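> Residue numbers (the entry's author numbering): 1 to 207. Virtual Cβ for every residue (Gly too), placed ideally from N, Cα, C.
(1) If we count the other Cβ atoms within 10 Å of its Cβ and call it buried at 16 or more, is residue 89 buried or exposed?
(2) Checking the sheet assignment: what are the DSSP bridge partners for residue 169?
(3) So, are the CB atoms of residue 49 and residue 18 less than 8 Å apart?
(4) Rounding to the nearest angstrom, what Cα-Cα distance links residue 177 and residue 124 in this structure?
(5) Just verifying my parser: in three-state terms, what is the DSSP assignment at residue 4?
(6) Among 144, 64 and 187, which residue has its Cα nearest to the Cα of residue 132?
(7) Mapping the DSSP letters down to three states, classify residue 202 as helix, strand or coil.
(8) Between which two residues does the beta strand (DSSP E) holding residue 54 run?
(9) With distances taken between CB atoms, is the gap from residue 54 to residue 13 smaller than 8 Å?
(10) Tell me where the beta strand (DSSP E) around residue 26 begins and ends.
(11) Is the region 72-82 touching the region 19-29, taking contact as three or more C-beta pairs under 8 Å?
(12) Three-state secondary structure (DSSP) at residue 97?
(13) Could you check where the alpha helix (DSSP H) with residue 155 kicks off and where it finishes?
(14) Counting only the same chain and skipping the five closest in sequence on each side, list residues whose C-beta sits under 8 Å from that of residue 166.
(15) So the beta strand (DSSP E) residue 65 belongs to, where does it begin and stop?
(16) Could you round the C-beta distance between residue 197 and residue 1 to whole angstroms and report it? I think they count as a contact, below 8 Å.
(17) Is it the case that the Cβ atoms of residue 169 and residue 140 are separated by a distance below 8 Å?
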């Protein structure tokens, strides 16, 4: 399948695409403002993620640091990213359907649209100034708005036992982005698409 990743923000991002234990395609790439990067992901991939990283440095080989979303110091992510990271999430060709979501369960850093480029289903977006509003205790120094489970490590925020409710903090993300997951047991805002759909991830969409 095809993912076209586009930086419509006015600042450079370093896009990342991983499943958790391996890169997807090249696993990451600089995107200056306006730049598009199309990747190939295999049918049937379960639990894929696409995110932005901000304020990175990488050297000639590719090793470095980013202030949000860092994946073990690699330009080319083979693992997931340090919060706060807004997340595009997907598992493809499940049993005849792909399923797409955007998640604020690791925080928010960059606004995002994650829309299908082929018919049948609707996209999802979170574009609100979460970082401008972010509750004081959830701010990150380095940039972004952390989730409560990152900041406090409690069973309730982290839904450790499979039981938890919404919180004042989950609800701060859900007031601003009802279509994105705000905590682990949120009512799902997942989208079911035909198997083998293609997609566009747009950072800063409304930019």
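Judging by the given coordinates:
(1) Along the chain shown, one-based indexing puts residue 89 at 89. Here residue 89 is buried: its Cβ has 16 or more other Cβ atoms, across all protein chains shown, within 10 Å.
(2) Numbered from 1 along the chain shown, position 169 holds the residue referred to as residue 169. Beta bridge pairing from DSSP links residue 169 with no other residue.
(3) By 1-based counting over the chain shown, the position of residue 49 is 49. By 1-based counting over the chain shown, the position of residue 18 is 18. Judged by beta-carbon spacing, residue 18 lies within the 8 Å limit of residue 49, meaning their Cβ atoms are closer than that value.
(4) For this step, residue 177 is matched to residue 177 along the chain shown. For this step, residue 124 is matched to residue 124 along the chain shown. Approximately 10 Å between the Cα atoms of the pair.
(5) Taking the first residue of the chain shown as 1, we reach residue 4 at position 4. If DSSP states are grouped into helix, strand and coil, residue 4 belongs with the strands.
(6) As a working note, residue 132 is residue 132 in the chain shown. For the set 144, 64 and 187, the Cα lying nearest the Cα of residue 132 is the one of 144.
(7) Mapped onto the chain shown, residue 202 falls at position 202. Note: residue 202 maps to strand in three-state DSSP.
(8) To locate residue 54, count along the chain shown from 1; it is residue 54. Where residue 54 is concerned, the enclosing beta strand (DSSP E) starts and stops at 48-58.
(9) Taking the first residue of the chain shown as 1, we reach residue 54 at position 54. Taking the first residue of the chain shown as 1, we reach residue 13 at position 13. In this structure, the beta-carbon distance from residue 54 to residue 13 falls below 8 Å.
(10) One-based indexing of the chain shown puts residue 26 at position 26. First-last of the beta strand (DSSP E) with residue 26: 23-31.
(11) Enough Cβ pairs lie closer than 8 Å, so yes.
(12) Mapped onto the chain shown, residue 97 falls at position 97. Correct three-state label for residue 97: strand.
(13) Against the chain shown, residue 155 aligns to sequence position 155. Counting along the chain, the unbroken alpha helix (DSSP H) around residue 155 starts and ends at 155-158.
(14) Numbered from its first residue, the chain shown carries residue 166 at position 166. Within the same chain, and ignoring the five residues on either side of residue 166 in sequence, the residues whose Cβ sits closer than 8 Å to its Cβ are 174, 182, 183 and 186.
(15) To locate residue 65, count along the chain shown from 1; it is residue 65. 64-68 is the span of the beta strand (DSSP E), which, as asked, contains residue 65.
(16) Residue 197 sits at position 197 when you count from the first residue of the chain shown. Residue 1 sits at position 1 when you count from the first residue of the chain shown. By a beta-carbon distance limit of 8 Å, residue 197 contacts residue 1. Their separation comes to about 7 Å.
(17) As a working note, residue 169 is residue 169 in the chain shown. As a working note, residue 140 is residue 140 in the chain shown. Result no, Cβ atoms of residue 169 and residue 140 do not sit closer than 8 Å.
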